[PDB]
């Protein structure tokens, strides 16, 4: 199903958490109400790894990844890396990526099949991403924004993009990502759907402020 929560009084779940079909990463200093949001519906199903990335707790924006792999900034400390390798299943590759366009989580948007990347990314890096995530990579912009991972929430079921994305881009993006895409908002009007919620094939966690209509579109498009 789809639930609501907050990290402190923030609705931007996508900033403090990273969810895939095989694992869940959450910021180290969260409250029980926040952690439960996941523990309560993920149970002993998939690993819920508490962590910091480069010393920060905005792990959702600092990383990108799917079931097969996780990409972390160069500044990820060896301690955080060792802790990740130990907690996450062996089938997932953890690779440091050196890109300075923005935080990995804003530059990359993916599911287990396709990934959109900042349009200014270099070729070497775009191949590394495809390689580690074992996915097809395409440089794109969602409604003009270069921070694709910030304006697009994606699973293997469906996806949500910037509310102003034209129908033409939605149709083209649907085809490209192989999932139904719909322009929408999260957390009561926010167009930053990528940072406002986390989602995978069986669960979607968004902020307490997400309206009824917005939650309806979510459980409908992600098929929850």
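Numbering follows the first chain given and starts at 1.
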Quiz item: Out of 39-47 and 52-60, which stretch has the higher average CA B-factor listed in the record?
Solution: 39-47
Self-check item: Mean temperature factor over C-alpha atoms, higher-scoring stretch between 80-88 and 118-126
Solution: 80-88
Quiz prompt | Out of 153, 143, 111, 106, highest CA B-factor residue | solution = 143
Self-check item: Residue selected from 179, 182, 28, 192 by maximal Cα B factor
Solution: 28
Quiz prompt | For residue 148, the third of its chain into which the C-alpha B factor falls | solution = lowest
Quiz prompt | Record-listed C-alpha B factor of residue 94: chain third | solution = middle
Self-check item: Third assignment of residue 32 from its chain's C-alpha B-factors
Solution: highest
Quiz item: C-alpha B factor of residue 10, ranked within the chain: lowest, middle or highest third?
Solution: middle
Self-check item: Within-chain third of residue 215 by Cα B-factor, per the entry
Solution: middle
